[PDB]
Structure formats: C-alpha cells, structure tokens
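Peer 1: Pasting in a structure now, in structure tokens, and then I'll have a few things to ask.
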Amino acid sequence: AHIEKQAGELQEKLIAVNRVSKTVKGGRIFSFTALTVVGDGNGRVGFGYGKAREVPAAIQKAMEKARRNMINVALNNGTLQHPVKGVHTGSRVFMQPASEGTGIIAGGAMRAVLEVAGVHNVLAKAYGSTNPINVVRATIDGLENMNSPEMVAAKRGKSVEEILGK
Amino acid sequence: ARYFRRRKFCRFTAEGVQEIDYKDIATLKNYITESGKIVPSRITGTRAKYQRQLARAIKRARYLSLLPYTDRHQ
Amino acid sequence: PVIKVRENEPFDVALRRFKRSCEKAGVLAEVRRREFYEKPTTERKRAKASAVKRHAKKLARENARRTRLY
Amino acid sequence: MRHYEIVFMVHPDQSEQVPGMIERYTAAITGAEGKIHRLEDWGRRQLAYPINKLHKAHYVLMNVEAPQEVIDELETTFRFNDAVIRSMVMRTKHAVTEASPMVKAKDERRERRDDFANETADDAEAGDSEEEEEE
Amino acid sequence: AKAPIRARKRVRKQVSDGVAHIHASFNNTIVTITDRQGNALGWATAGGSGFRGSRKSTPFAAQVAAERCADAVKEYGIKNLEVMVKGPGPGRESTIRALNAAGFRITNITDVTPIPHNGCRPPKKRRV
Amino acid sequence: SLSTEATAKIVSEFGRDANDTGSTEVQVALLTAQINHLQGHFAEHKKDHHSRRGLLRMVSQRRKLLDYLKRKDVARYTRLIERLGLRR
RNA sequence: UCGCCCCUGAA
RNA sequence: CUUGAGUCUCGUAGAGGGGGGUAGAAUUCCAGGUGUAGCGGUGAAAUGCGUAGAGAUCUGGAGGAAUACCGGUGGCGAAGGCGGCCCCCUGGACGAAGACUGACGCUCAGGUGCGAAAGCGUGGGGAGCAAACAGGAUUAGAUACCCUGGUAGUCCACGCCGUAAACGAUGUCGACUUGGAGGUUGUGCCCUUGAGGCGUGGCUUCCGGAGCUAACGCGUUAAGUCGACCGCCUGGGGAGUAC
C-alpha cells in the first residue's frame, strides 16, 4: 500500500506484542512478533507482523508492514458513519456509530485501533472467545467496509439517468 | 437426403450391438472367456448398456448347457 | 494359473503366465481370508481414482516437459 | 394373454416323441384362447456339460400366446416328466418368432447349412401347421 | 539334492499317457502322476524329499519332487503329460520344466483347480 | 396392479363425464380399486415391505383428495363415498 | 517379517 | 387461474419387494478303485491325521450352504438394505407428446409402520467357518493374537427385541447461485450418411470458481445464498450410569 506514517501528523501506536515459537531441530526458537498501527487522527491505518530476535526490531518491521497494509477510511464527525456487524475470523465483531458525548468504550484492540482511525466517539462490542489478535480484524469490519452519504446518494442519482436514456 | 431417421452402424471394435440379444450357442461364444467365464467390461471396452444386454443372453444359454460352466471339473 | 486351452507343441518353457492372467488374479488367494463388503469395494474406487487423476496429471506434466532438467 | 416361449430339453433318444408331445400341448393352448405363432427346434446339439448325465441333449422351442392357466399345466408336465430334462420359458417382448438368434439357427437349417440336422428343420414347419407326425 | 528314489512293482498299467497333477501349495508341493485310466502310478512330495518350513513350496523343492515322482512312473513307460496346475503358491512351472527335462513332454495344458462360488466359508488364518 | 381396461371403466363411471382424464372423483376411485385387491396381496404374504409401503401411500393419497372434496362440494363428497367401499 | 513390555517434574 | 401438487396415456431401464421352481462349480460326508510312507501346519515347531492303507488322484452316490467370473464411485430402494438362472404376484423412479384436475400443498411433537448384525422363544436343518472349549505354540506368565481340532451359533420358517461410526458423523421440503471433465439412463434434432455430430431432461462421481468456514475443506447433489416446519445442544469427568 502507501505510507500512513507521515511527518507532522504521524500517530504511532502499538497493539499486540508477545513471543511465538517454532520447535527447531535442536531446541526451540522465539520470534518476537507484535502488531502495530500508525494513524494520523484522520484515518490511514494498517497492521504488520514482524519477526525478530528482539522486541525493538519486532515493532520496527511491524510498522514497515503497517504502511504496506494501509486501508483508507474517510468520515465526518468523530464517529464512523455506518454500522458494520460483519465478522472476520472467529472473533466476532460489532460496531455501531454513536453520538458525540461518549468514549471509545472498549478495553481490547478496538480501543486503540478505534482511536488512530480518526474515531473516538464510536461504540463497539465483541462476542466470542477473548483474543486481542483478531479483534484487530475490525480493520476489515468497519473501517474498510463502510458507507457514506455521497455513496448512497449516487445510487439514487444513477437510476434517474437510465429512465431518461430510454 | 434429410429425414431418413437412423444411422447405418451400431458396430465398433470395442462397442457392442443394440436392440436384440438372445440365446443361441453360436453368437454368444465370441463374447465370453474361453474358460467358461464371462468377459470383464474394462478390457473389451464395452459400455454398460451393451454389457447388460449380453449378460442376460449368455447366462440363460449357459444354463441350457450350450456355453460351458464346467471347466474346473470338465 | 492355467486354463483348459492346451499347448500341444514341443516346449520346455511355454506361455502359461498369461494363462495366469486368464485365471488367477488373487482368486485363489481369497480362500484363506475373510473380508467385509466394505474392504474390496473401496479398493475398486482407487483404480477409478487412478483413471480420473490420469487426465489431471497430463496438464502438470506438460509444464515439466517444456524445460530440460532430466 | 401374453407371449410365452417355452424352451425345454427332451431326452436325445426320445426325440422322435417330440412332434406328438408338442401336439398335445399346442392343441390345448389354441383351445384356451391362445395361438401358435410358430414351432421351432434346435435338435440334438452336443451338451457343454452333463445335465442329468448324457453326451448330448435334445432342444426344442415354442412361440405361443396363451393365458397363464395353461402355462401352469405345461410346467407341471415337465417337472414330473423324466424324459424332459431341464425346462425354461420366456415371455413378452413381442415375439421372438422371427428376427432373433434362435431364428438365425433355424434359417441355416432350411438352406442346408444346418446348425444341427436336416430333420430338425422339418419339425418346425410341421408344428406351425399343427398336423404333426412323429419322426 | 537329497530326494529319495522310488519304484513300482507293476508294468502292466501303462497306456503311454498320464495326468501330471501338480498342487503348488503355499506351504508344500505335491506332484503325482496318475495314469490316463485315472489310477495312480506314482506320487511324491516336497516333505518326503526332505524339505521343511516354507521351503517346501520353493522352486528347488518343487523340482526335486517332480523327479522323485518321475522315478515312480518311469518303469511303466509314460512320456506324455496332461498338466493340471493348481494352488496359488510357487512351483507352478518348476515342476513342468523338470518333467520336460526328465524324458517327458507336455501334450495338454488343462485346468483342474478348485474355484469356489463360496459354498464354504474361508478361515481367518494368520494375523500376527 | 390395475389394467388399462379397468382404468377406462372407472373413468367412465366416476367423474363429471367420461374420458375425464383424471378428475378428483376418478383419482380417488382408481386408488380404491387397487387397494381392495392388494389386501389379498398381503394375505398371501407376511412382510413384503416395499410393496406394503406402496399400498400405504395410495391410502394416504385417497384420503387427501377426499378432504379437498368435502371443501369443494359436500354433495359430491357424500355421493363418491356411497359408491366406494373405503371412506375411513 | 524375526513376538519384544517398562520409564516423576519445572531450561 | 396454473406456475406448485396429482392423475391419465405411451414407452424406458434396474441386484426394488415377496413367493415358488431350476442349473453347475466348490467344500464335506459315505461308498468303490489305484498307489505307499508320509500328510498337514509354521517364522520355526508341535497337537492332530496315516500301513487298521491316509494325503493326492480317479469313479459312483448324498447333503448343506453359497452362487466364481459376471462387476464397475454400475444400478435400484425411504432407510436398513438388495447379486447365478427362470416363472408368478407386486412397488417405486424417469422421459415423451399431449390431456385433465385445479393449491387438492409443505412440514410435523404425539401416534403408526419399516429395523443390518448379534440376541431371545418355538419348530426345522447342519457342509464349511467359528464365540465357548481342549491340546500345542509364542511369551517370564499368554485364560490371546498364532497352529490343530471344535460346540452354541451362523442357515431355513414364524414371532419377538428394536440397537449400529443405523454415516455423507451432513433433518426434511421448497427456492435460488460461476463453470469443466467423466459415468449412467430417457428423448428431440443432424448428408443421422461418423459405433456417432449437435441439443435437452433424470440420476452419479471427480475437479474447482465465487462465497462460506477457525481451518481441513464444502463447493449448483453445498458446509454458498434464502424461507417453512420439526428434532437436538448449552463445560468436561460423574454417566447414557443411578432413580
């Protein structure tokens, strides 16, 4: 994709951070992996999974890859414009728009991912097994998938032209 | 010309004939194994429909002692 | 392993190993073992699994045939 | 009623009895609202294997339409005749009087390219008349 | 090899022909030459040759037995075979070939072999 | 079994006319006729499971049609019953 | 083809 | 009213169901013949069987059970399930022109019927195989796998029990949504001048797109996309046990 870490407006942030393992021929190795997001407070948000032998380069590489998995989002107000109740992976995702005068209200991944993405008055919820790692798939289920007033308005405008043409 | 309404063949070197199969010593003996066994269809190359038709005829004639079925004690 | 058809010519070794293929196929080797209906029928469906896959193999093979690596 | 097609195996040395035997059967069939399409034969062909011993056996065929009532009595005879060896009967499918492999064997005999015997051809013609005489 | 010799007291049962019975068993090999009148002339087997185990069915074991049998029919004067190969084990051309190479020739290849239509039920046998 | 002859008789009797070609009346009629003598086809046998299943379906079907008939014309339904032997 | 079991724990 | 459903007509194919006949092969028993010191089994062995003549081999007779090949993701049935051949009685499916009925339909707790195999009762039958059982072997032990025998049973008739990884681990019905190749079975068309060339239905495998799924994969015969109704689940062990 394209950069989401941009001078004078960058909004670096992290999500997960942990270690994972592979069982090698000898002993067992540890790969320092982590999820990140850089925002701008205006959308443009992504995610990356680094692999490293150290925690700093785990976040380095994950923010490289964050820019390579940027998704665009555009909105008005401090809240998302459309509810998306879609589910990606086995973590169940829900997402309402909500009037200003309320917080993010979420302790999971979607506390921080729903901050960087220019939203902070959104109300969201999740069901199913607790697992922050795929709460992050609310990139798919709300930011990537959306509707906007001028999208729906051009449905109503497309139809009129066809009747005239015949 | 047009509207003559049938084919001139139903014979092939691996696909059988149609519309009549019946008991009679002569005809049947060509389509069975020499040991009084019946042919496999995966060798001969016959399709199901040919095989079913032949089978019926074979077995009837066989148990009228026209085709052998004693070859392990003959 | 033989059939009732005779060989009447001088031989010391004669063809009788494709009279084996006109008799035996494991049909004298099923007389010391019991099986269920399930067992041999599933095996028949591995010899028609061979035949459908035969077509599929040819597409894969064609790419290899282009290049020389043998 | 429907077609029927009694093929049976007589004793090969009681083959001279055959015309008379047939006549007894055929007459009853006709009288029961049947019909004799044609009587056919297949002579004393050499058997593939012994059925009730023997080195050869007589064969004979019948093409008849008859109600089941008579087909009963006919079967009874055979299954209590020791001269009659095996027996079989086929039915329906129009009639196999003409244009079948059984007929093909018969056609060769009349032309004198005989499948089995000169005598066997003559018996078929006799039965169709129903003026049969023993061989 | 180690096979015994055999001989018979009759020389009056000949017809100059005899059935070569062979039973090529997975655990043994029998070779018996019966006359063409259907009455025994000679017989021999692998275990009587002296073989033991599953080396009674082997090619070698079949040959030795075919030749033991040959000694038991030579005195009648027989020189034609009506080979009846049967059983599933080896020794099925071992015997044939040995006979040919022993002053006999083949004349007929016939099949007399048990083929069941399942009028009896098989045993389980080995499972170790 | 029902012969094509026996069919045509039932068609001529039942229905509004003759040569109805399958009308509610004739439909029930045909079924009835079969069932009655297939009682004797299970009086010559014990269990004959597939054929038995067949019989049951015909009984069911006969009743279904009758149910519509009382909701179409009472007079018609009553009349048909009298002429038939099955009505349970 | 030659049967053949048994094995306290955190790096 | 006819698009749903159903009937009528004409054909089509099949191991659909039930009943009764019939053929041969194989094993076995019994009888006779031939021939003699082994047979059989096994990784080796041993028990067992043989001079009172076996094994094998040949001839005659008898009986029980099952039908080699056929035979294939081939076919049929609601499912369970169903294989030599023939007759009788009988069910279901599908297609083709038309013709008719006119929502008569769909599903379903209860209820009712059908149930592989084992089992049980009653009566027939008994070859082979085989729980049990008895020797032998392997093993430290071997109440087993292994070997030699072998009883109940398996088999037939009738009734009963109703279970199964009763499986596609996939409720049933209706409706839709890319396709490709094969299999199978109807039917229309095409110098049918090609066993076939082009269609169009029914059923059946394999592949795979989108989509779905946690993934494996499923994938127009869905685990896709919808509706209708019913059944079930709601942590594991305790327990499909107790009461």
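Chains: A, B, ... in order of the structure tokens. Residues: from 1 per chain. Ligands: from 1, in order shown.
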Please, which residues of chain B lie no more than 10 Å from chain C when the count uses only C-alpha atoms, and can they be set out as a PyMOL selection string?
Peer 2: chain B and resi 33-37+71-72+74
Peer 1: Would you mind exporting N, CA and C atoms of the selected residues as a tab-separated table (two decimals), in the first residue's frame?
Peer 2:
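As written to disk, part.tsv reads:
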chain	number	residue	atom	x	y	z
B	33	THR	N	-15.07	-65.43	-22.26
B	33	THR	CA	-13.80	-66.06	-21.98
B	33	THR	C	-13.86	-67.52	-22.35
B	34	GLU	N	-12.71	-68.10	-22.76
B	34	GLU	CA	-12.59	-69.46	-23.25
B	34	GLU	C	-12.72	-70.48	-22.14
B	35	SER	N	-12.62	-70.03	-20.87
B	35	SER	CA	-12.62	-70.88	-19.70
B	35	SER	C	-14.01	-70.95	-19.11
B	36	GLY	N	-15.05	-70.52	-19.87
B	36	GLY	CA	-16.43	-70.56	-19.44
B	36	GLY	C	-16.79	-69.40	-18.57
B	37	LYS	N	-15.85	-68.44	-18.41
B	37	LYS	CA	-16.04	-67.23	-17.67
B	37	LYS	C	-16.59	-66.21	-18.62
B	71	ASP	N	-15.42	-76.47	-16.30
B	71	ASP	CA	-14.13	-76.29	-16.92
B	71	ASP	C	-13.12	-76.47	-15.83
B	72	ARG	N	-13.61	-76.65	-14.57
B	72	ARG	CA	-12.82	-76.86	-13.39
B	72	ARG	C	-13.00	-78.30	-13.00
B	74	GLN	N	-14.19	-80.48	-15.91
B	74	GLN	CA	-14.55	-80.98	-17.22
B	74	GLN	C	-13.57	-82.09	-17.61
Peer 1: Excluding residue 70 of chain B and residues on its chain fewer than 3 positions from it, collect all residues at most 7 Å away from it, counting only C-alpha atoms (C1' of nucleotides), and give them as a PyMOL selection string.
Peer 2: (chain B and resi 73-74) or (chain D and resi 49) or (chain H and resi 24-25)
Peer 1: Using only C-alpha atoms (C1' of nucleotides), find each residue in chain H having at least one atom no more than 12 Å away from chain A; report its shortest atom-to-atom pair and that distance in Å (one decimal), rows by chain then rising number, as CSV.
Peer 2:
residue,atom,partner,partner_atom,distance
H:212,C1',A:88,CA,11.2
H:213,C1',A:89,CA,9.0
H:214,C1',A:90,CA,5.8
H:215,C1',A:89,CA,10.5
Peer 1: Can you pull out the residues contacting segment 97-104 of chain D? Cut-off 12 Å, using only C-alpha atoms (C1' of nucleotides), and skip same-chain residues under 5 positions away; I want them as a PyMOL selection string.
Peer 2: (chain B and resi 19-28+57+61) or (chain D and resi 3-7+36-43+59-65+91-92+109-111+113-115+121+124+128)
Peer 1: Using DSSP on the backbone coordinates, identify the residues of segment 3-66 of chain D assigned to alpha helix (DSSP H); present them as a list in words.
Peer 2: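 Alpha helix (DSSP H) assignments inside segment 3-66 of chain D correspond to residues 18, 19, 20, 21, 22, 23, 24, 25, 26, 27, 28, 29 and 30 of chain D.
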Peer 1: I need the chosen residues saved as a PDB file, in the first residue's frame, with N, CA and C atoms.
Peer 2:
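To be explicit, this is the file written out as out-v1.pdb:
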ATOM      1  N   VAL D  18     -41.097 -86.060 -29.643  1.00  0.00           N
ATOM      2  CA  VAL D  18     -41.242 -84.615 -29.762  1.00  0.00           C
ATOM      3  C   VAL D  18     -42.443 -84.109 -30.534  1.00  0.00           C
ATOM      4  N   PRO D  19     -42.756 -84.478 -31.779  1.00  0.00           N
ATOM      5  CA  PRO D  19     -43.889 -83.941 -32.518  1.00  0.00           C
ATOM      6  C   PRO D  19     -45.195 -84.183 -31.805  1.00  0.00           C
ATOM      7  N   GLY D  20     -45.550 -85.457 -31.525  1.00  0.00           N
ATOM      8  CA  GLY D  20     -46.657 -85.839 -30.672  1.00  0.00           C
ATOM      9  C   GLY D  20     -46.769 -85.102 -29.351  1.00  0.00           C
ATOM     10  N   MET D  21     -45.638 -84.922 -28.614  1.00  0.00           N
ATOM     11  CA  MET D  21     -45.594 -84.232 -27.334  1.00  0.00           C
ATOM     12  C   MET D  21     -46.037 -82.800 -27.448  1.00  0.00           C
ATOM     13  N   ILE D  22     -45.428 -82.066 -28.410  1.00  0.00           N
ATOM     14  CA  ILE D  22     -45.766 -80.730 -28.841  1.00  0.00           C
ATOM     15  C   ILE D  22     -47.226 -80.603 -29.164  1.00  0.00           C
ATOM     16  N   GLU D  23     -47.789 -81.558 -29.938  1.00  0.00           N
ATOM     17  CA  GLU D  23     -49.145 -81.532 -30.437  1.00  0.00           C
ATOM     18  C   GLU D  23     -50.157 -81.481 -29.322  1.00  0.00           C
ATOM     19  N   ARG D  24     -49.966 -82.337 -28.291  1.00  0.00           N
ATOM     20  CA  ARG D  24     -50.728 -82.393 -27.062  1.00  0.00           C
ATOM     21  C   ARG D  24     -50.788 -81.061 -26.338  1.00  0.00           C
ATOM     22  N   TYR D  25     -49.696 -80.266 -26.424  1.00  0.00           N
ATOM     23  CA  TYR D  25     -49.524 -79.018 -25.721  1.00  0.00           C
ATOM     24  C   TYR D  25     -50.229 -77.944 -26.504  1.00  0.00           C
ATOM     25  N   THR D  26     -49.774 -77.702 -27.757  1.00  0.00           N
ATOM     26  CA  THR D  26     -50.264 -76.733 -28.718  1.00  0.00           C
ATOM     27  C   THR D  26     -51.765 -76.726 -28.886  1.00  0.00           C
ATOM     28  N   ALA D  27     -52.396 -77.921 -28.979  1.00  0.00           N
ATOM     29  CA  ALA D  27     -53.823 -78.079 -29.139  1.00  0.00           C
ATOM     30  C   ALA D  27     -54.591 -77.455 -28.000  1.00  0.00           C
ATOM     31  N   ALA D  28     -54.185 -77.759 -26.742  1.00  0.00           N
ATOM     32  CA  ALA D  28     -54.750 -77.189 -25.539  1.00  0.00           C
ATOM     33  C   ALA D  28     -54.619 -75.687 -25.458  1.00  0.00           C
ATOM     34  N   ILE D  29     -53.456 -75.136 -25.892  1.00  0.00           N
ATOM     35  CA  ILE D  29     -53.167 -73.714 -25.922  1.00  0.00           C
ATOM     36  C   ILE D  29     -54.154 -72.959 -26.774  1.00  0.00           C
ATOM     37  N   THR D  30     -54.317 -73.382 -28.054  1.00  0.00           N
ATOM     38  CA  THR D  30     -55.227 -72.808 -29.028  1.00  0.00           C
ATOM     39  C   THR D  30     -56.652 -72.775 -28.532  1.00  0.00           C
TER      40      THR D  30
END
Peer 1: Choose the residue, out of E:4, E:123, E:18, E:91, that has the smallest atom-to-atom separation from chain H; count only C-alpha atoms (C1' of nucleotides).
Peer 2: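 Ranking E:4, E:123, E:18, E:91 by distance to chain H, first place goes to E:123.
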Peer 1: Hey, what's within 6 Å of residue 46 of chain E if we count only C-alpha atoms (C1' of nucleotides) and toss same-chain stuff fewer than 6 positions away? As an MDAnalysis selection string, please?
Peer 2: chainID E and resid 29 56 61 65
Peer 1: Just N, CA and C atoms for this one: save the residues we selected as a PDB file, in the first residue's frame.
Peer 2:
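And here's selection10.pdb as it stands now:
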ATOM      1  N   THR E  29       4.524 -78.803  -1.910  1.00  0.00           N
ATOM      2  CA  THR E  29       4.357 -79.020  -3.327  1.00  0.00           C
ATOM      3  C   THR E  29       4.190 -80.500  -3.434  1.00  0.00           C
ATOM      4  N   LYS E  56       9.290 -75.782   1.313  1.00  0.00           N
ATOM      5  CA  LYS E  56       8.695 -76.950   0.719  1.00  0.00           C
ATOM      6  C   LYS E  56       7.936 -76.525  -0.511  1.00  0.00           C
ATOM      7  N   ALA E  61      12.601 -77.119  -4.227  1.00  0.00           N
ATOM      8  CA  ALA E  61      11.733 -78.111  -3.624  1.00  0.00           C
ATOM      9  C   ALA E  61      10.697 -78.735  -4.533  1.00  0.00           C
ATOM     10  N   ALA E  65      10.845 -82.972  -6.332  1.00  0.00           N
ATOM     11  CA  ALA E  65       9.658 -83.720  -6.011  1.00  0.00           C
ATOM     12  C   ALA E  65       9.132 -84.256  -7.309  1.00  0.00           C
TER      13      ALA E  65
END
Peer 1: So the first atom is atom CA of residue 7 of chain E and the second is atom CA of residue 43 of chain E; what is the distance between them in Å, to one decimal place?
Peer 2: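 Taking atom CA of residue 7 of chain E and atom CA of residue 43 of chain E, their separation equals 10.3 Å.
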Peer 1: Could you state the separation of atom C1' of residue 5 of chain G and atom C1' of residue 147 of chain H in Å, given to one decimal place?
Peer 2: 24.4 Å
Peer 1: Find the distance between atom CA of residue 32 of chain F and atom CA of residue 2 of chain D and write it in Å to one decimal.
Peer 2: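 Answer for the atom CA of residue 32 of chain F to atom CA of residue 2 of chain D separation: 26.5 Å.
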Peer 1: For residue 23 of chain F, list every protein, DNA or RNA residue within 9 Å, evaluated using only C-alpha atoms (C1' of nucleotides), and leave out those in the same chain fewer than 5 positions away; present the list as a ChimeraX atom specification.
Peer 2: /F:11,14-16,28 /H:7,100-101
Peer 1: Show me, as a list in words, every residue of chain H with an atom at most 7 Å from chain E, counting only C-alpha atoms (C1' of nucleotides).
Peer 2: residues 25, 26, 27, 34, 35, 38, 42, 56, 57, 58, 65, 66, 67, 68, 128, 129, 145 and 146 of chain H
Peer 1: Select residues of chain C: the criterion is any atom within 8 Å of an atom of chain H, counting only C-alpha atoms (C1' of nucleotides); output as a ChimeraX atom specification.
Peer 2: /C:45,48-49,52
Peer 1: Give me, as a count of residues only, all polymer residues having an atom no more than 12 Å from residue 2 of chain G, counting only C-alpha atoms (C1' of nucleotides) and skipping those fewer than 2 positions away in the same chain.
Peer 2: 4
Peer 1: Using only C-alpha atoms (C1' of nucleotides), which residues sit within 6 Å of residue 195 of chain H once same-chain residues fewer than 3 positions away are excluded, as a VMD selection string?
Peer 2: chain B and resid 10 to 12
